[PDB]
Amino acid sequence: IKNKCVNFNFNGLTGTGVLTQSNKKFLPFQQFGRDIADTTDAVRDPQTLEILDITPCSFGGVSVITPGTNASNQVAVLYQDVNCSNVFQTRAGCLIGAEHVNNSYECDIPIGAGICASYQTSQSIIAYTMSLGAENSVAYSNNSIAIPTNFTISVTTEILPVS
Amino acid sequence: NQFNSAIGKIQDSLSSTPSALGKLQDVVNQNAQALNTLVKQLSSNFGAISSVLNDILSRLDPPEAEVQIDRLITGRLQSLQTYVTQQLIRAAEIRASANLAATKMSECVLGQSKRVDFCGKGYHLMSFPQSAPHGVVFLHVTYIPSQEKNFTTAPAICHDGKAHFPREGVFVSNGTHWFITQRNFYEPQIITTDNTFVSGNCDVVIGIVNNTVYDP
Amino acid sequence: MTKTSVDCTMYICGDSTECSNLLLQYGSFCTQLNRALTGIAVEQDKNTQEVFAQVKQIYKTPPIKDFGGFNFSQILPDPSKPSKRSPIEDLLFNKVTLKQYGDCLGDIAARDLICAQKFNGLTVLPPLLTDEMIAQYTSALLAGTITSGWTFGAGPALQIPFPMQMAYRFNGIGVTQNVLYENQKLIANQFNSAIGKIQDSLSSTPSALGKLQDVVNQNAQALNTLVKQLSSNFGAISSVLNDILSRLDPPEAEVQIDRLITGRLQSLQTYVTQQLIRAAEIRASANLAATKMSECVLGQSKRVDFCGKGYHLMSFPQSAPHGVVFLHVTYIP
Amino acid sequence: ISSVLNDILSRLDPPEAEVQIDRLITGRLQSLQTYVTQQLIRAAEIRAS
Ligand SMILES: *[C@@H]1O[C@H](CO)[C@@H](O[C@@H]2O[C@H](CO)[C@@H](O)[C@H](O)[C@H]2NC(C)=O)[C@H](O)[C@H]1NC(C)=O
Ligand SMILES: *[C@@H]1O[C@H](CO)[C@@H](O)[C@H](O)[C@H]1NC(C)=O
Ligand SMILES: *[C@@H]1O[C@H](CO)[C@@H](O)[C@H](O)[C@H]1NC(C)=O
Ligand SMILES: *[C@@H]1O[C@H](CO)[C@@H](O)[C@H](O)[C@H]1NC(C)=O
Ligand SMILES: *[C@@H]1O[C@H](CO)[C@@H](O)[C@H](O)[C@H]1NC(C)=O
Ligand SMILES: *[C@@H]1O[C@H](CO)[C@@H](O)[C@H](O)[C@H]1NC(C)=O
Ligand SMILES: *[C@@H]1O[C@H](CO)[C@@H](O)[C@H](O)[C@H]1NC(C)=O
Ligand SMILES: *[C@@H]1O[C@H](CO)[C@@H](O)[C@H](O)[C@H]1NC(C)=O
């Protein structure tokens, strides 16, 4: 069986993985070929002499976006290293269970390359692009100065651990 | 009145929002969680048949039991070593934070700092210390300008050849007259032989305008 | 630095059901390891916050660009290209050098290292702030520095022409403004020539950005060493789980599997400790960089030899992969 | 059974001496790693100073 993750037993060597065809050339006195971290990757076939490669069938990265237990039980899932109802494609991987919008707000739950997620109103989970802040543009010139007329006194708190 | 209102509002804001003293609470939680993990890692049997000394001592003679005891001893020594290493790293981080706090106490509290964004956002005025469990809180009192206005300016002033430069402040004009003011607070003043000094001829400054100085 | 994550079950057992059952007795250890690494990663995205998020509003550069005789058409972004970068930023980005299941499945003949370390439960996470947002932050900083000066760091930004700002800065360092006002063109020419020659010097030297390359090389070498340490049998009869499970009954295989488990666990612990130490060093460096941005960019500093050799005038920030570059302008008698 | 390699190599054949040798190797490697870690931390403090 090829191109399926299977349990295999080749001449007593047992394992679990996917078989495929490669172009490795084996000398007549060789039967096995192992990787750098001593993992058997190339195996001949006793019947129908040929060289095949073994690759594990578990691969990827999964993250779970949740609003918290005492808010709701709805969950979004982020699959890295994939190219995909509600499916959104980001550079950090596919996102399932969230609705894409065009507005821009602050960040609640960081997701990846400039994408943030939040739980907002019926309620839902929304993914969007984080905003760097407002936009401003002062008018430069060579004759105009700006001088303040009033002021204010501000009090701010800073907290530092000691021991 | 502004200062009193500011301190009252600071007190109210601290009272209203619990999620303010995050760092000290995080430190305490980290310590407690570390000890709790150390306590509950006793249930693991690092390859031994059981995690209880009494069972091994009750079911086996000494020459068959020292092996299990040795495995447990090695595991628990490794656990203690890991705990000590993590504590050392956290101690180093806290030492750095305490050094920063000592520097801030030396500079912002015992004087006035010229550094930007060191003792608060804005032009620093003063600071006050307050104690807290395992930490300190600095109340920074600073100055912030506002309510700006546009004016017309020129670098120097031509006064029959002796170009005049402002001794301190900026030259401004509202449309008909000319004045010299200070940079931050708007307060115009007429021009005399003071506030100015002369250097060179009025044929090299790029932007010098024609006006008169009412020198007494 | 790089944000990494590790999966204990894949690294130690590797999709074996005989394993991952004896591993339960050590489970309370691995929940520690990740809870350490996560603490590193969340800190990294925080570091970039104290360096580039000093300002709150994105400023836009004026379209006239006279500025007396001064010429900034190497720091300000060039609109006639993507990524909205600067030529110096382009050179810096190019100088520093740095995959779905089908990609790693088809790329067998050439043994990629990234696929090899991804098949063993080692993953790299992307940073939160992308490069374009960093460039936007830097552009806002330059615009505020050029048009408003040092004022926008404390309160609302106030407009002021550039020669007046330079006269104020000379007055700050201890020389009368009339010196600048009567020597404008020569000073502007000196500034422009200095900028040009600094760009040329950056282009000429290949081994100039040593520190950032050192950081990326350190991370890559650490991950590769962690991958290669799987070929060592810590006193067992073999380094392959399948051979042990194929030649021995469970009661005899228990000992060998336990030995392998202990060895791989201590390897992971060593890696985590090294990462923690390096993270502390990077934290110190980032704090220094944030202070330098606060004091040399948003104002003029009086500390000796802090914002460059000689009497300080101003500084300009530039982004770079995992780092920042400061251009300091100084006065020398 | 002993802290001296000579005694183990004198009283036991290789197959049985291998176990004790492995135990000693692991212990001494652990000691060296602990020393290196403490040196790294002290070096960081010295660098700050
Ligand atoms: C600022 O300097 C740049 C670089 O010298 C100037 O760009 C040059 O412009 C001339 C004429 O437009 C071209 O012949 C050069 O090839 C340009 N150089 C580069 C590197 O592109 C720019 O004009 C200057 N701007 C000001 C306002 O002085
Ligand atoms: C082995 O025998 C089976 C009989 O079912 C046959 O199908 C297969 O082709 C044989 N293999 C070789 C290499 O002759
Ligand atoms: C959001 O923007 C995209 C692209 O401009 C557009 O196709 C879509 O209709 C907009 N609205 C929603 C709800 O996605
Ligand atoms: C300045 O502000 C104070 C309070 O904010 C106000 O009472 C006063 O009238 C203001 N004065 C000017 C000139 O704006
Ligand atoms: C100063 O002039 C600019 C441009 O004309 C204008 O946008 C700004 O509002 C003016 N300032 C005030 C306080 O009116
Ligand atoms: C400018 O200030 C002078 C000073 O008294 C005043 O007489 C004049 O009316 C002012 N002009 C305007 C347009 O405000
Ligand atoms: C300000 O810039 C304009 C635009 O060219 C110019 O005409 C004017 O002369 C400049 N101001 C001075 C004082 O030179
Ligand atoms: C200033 O006065 C001189 C001579 O009095 C004259 O040559 C010059 O044109 C005047 N400048 C302006 C702007 O009126």
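Proteins get letters first, then strands, A, B, ... in listed order; numbering begins at 1 in each. Any value given below was found using the heavy atoms of this structure, including those in side chains, with hydrogens, waters and symmetry copies removed.
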Next on the checklist: Tell me which pairs pass salt bridge (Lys or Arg N to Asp or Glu O under 4.0 Å) where either residue lies in residues 59-68 of chain C, with sequence neighbours left out.
Outcome noted: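 Found none.
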
Next on the checklist: Between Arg183(B) and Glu168(B) (salt bridge meaning N to carboxylate O under 4.0 Å), is one present in this structure?
Outcome noted: no

Within a radius of less than 6.0 Å around [atom1] of [X], do more than 12 heavy atoms belonging to other residues, nucleotides or ligands occur?
X: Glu93(B); atom1: CD; value: no
X: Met130(A); atom1: CE; value: yes
X: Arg167(B); atom1: CZ; value: yes
X: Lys84(C); atom1: NZ; value: yes

For residues 39-50 of chain C, tabulate all N or O donor-acceptor pairs below 3.5 Å that involve a side-chain atom, not counting sequence neighbours.
from     : atom 1 : to        : atom 2 : distance (Å)
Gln44(C) : OE1    : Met1(C)   : N      : 2.7
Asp45(C) : OD1    : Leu128(C) : N      : 3.0
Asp45(C) : OD2    : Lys3(C)   : NZ     : 2.3
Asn47(C) : OD1    : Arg283(C) : NH1    : 2.8

Next on the checklist: So, using side-chain contact (heavy atoms from CB on, under 4.5 Å) as the criterion, who are the partners of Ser148(C) when residues are at least two apart?
Outcome noted: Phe152(C), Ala157(C)

Rounded to the nearest 0.5 Å, what's the gap from [atom1] on [X] to [atom2] on [Y]? Could you check?
X: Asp90(C); Y: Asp78(C); atom1: CG; atom2: CG; value: 8.0 Å
X: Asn103(A); Y: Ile126(A); atom1: CG; atom2: CD1; value: 8.0 Å
X: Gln87(B); Y: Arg90(B); atom1: CD; atom2: CZ; value: 6.0 Å
X: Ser315(C); Y: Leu141(C); atom1: OG; atom2: CG; value: 12.0 Å
X: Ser301(C); Y: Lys114(B); atom1: OG; atom2: NZ; value: 14.0 Å

Next on the checklist: Closer than 3.5 angstrom, by distance alone: can the side chain of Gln318(C) be matched with the main-chain N or O of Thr138(C) as a donor-acceptor pair?
Outcome noted: no

Next on the checklist: Please evaluate residues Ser73(C) and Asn71(C) with respect to the criterion side chain to side chain donor-acceptor pair (under 3.5 Å), reporting the C-alpha separation (whole Å), side-chain torsions for both, the decisive distance (0.1 Å), and the verdict.
Outcome noted: CA-CA 6 Å; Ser73(C) 71; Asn71(C) 184 346; 3.0 Å; yes

Next on the checklist: Listing request: all ring pair (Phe, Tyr, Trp, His ring centres under 6.0 Å) pairs with a residue in residues 294-323 of chain C, at least two apart in sequence or in separate chains.
Outcome noted: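 Found none.
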
Next on the checklist: Under the ring pair (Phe, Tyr, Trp, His ring centres under 6.0 Å) definition, can you give me all pairs with a residue in residues 47-67 of chain C, not counting sequence neighbours?
Outcome noted: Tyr140(A)-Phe67(C), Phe67(C)-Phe72(C)

Checklist entry - Can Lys121(B) and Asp117(B) be said to form a salt bridge (charged side-chain N to carboxylate O under 4.0 Å, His left out), step by step? => result CA-CA 5 Å; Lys121(B) 179 174 172 64; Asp117(B) 281 336; 5.3 Å; no

Item to check | Intermediate values then yes/no, side chain to side chain donor-acceptor pair (under 3.5 Å), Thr181(B) and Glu187(B) | outcome: CA-CA 6 Å; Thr181(B) 189; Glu187(B) 189 172 1; over 6 Å; no

Item to check | With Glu148(B) via side chain to side chain donor-acceptor pair (under 3.5 Å) - residues at least two apart | outcome: none

Item to check | Residues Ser294(C), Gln54(C); criterion side chain to side chain donor-acceptor pair (under 3.5 Å); working and verdict | outcome: CA-CA 8 Å; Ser294(C) 294; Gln54(C) 301 258 359; 3.0 Å; yes

Item to check | Chi angles and distances behind the side chain to side chain donor-acceptor pair (under 3.5 Å) call for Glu132(C), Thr130(C) | outcome: CA-CA 6 Å; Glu132(C) 297 80 348; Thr130(C) 188; 2.8 Å; yes

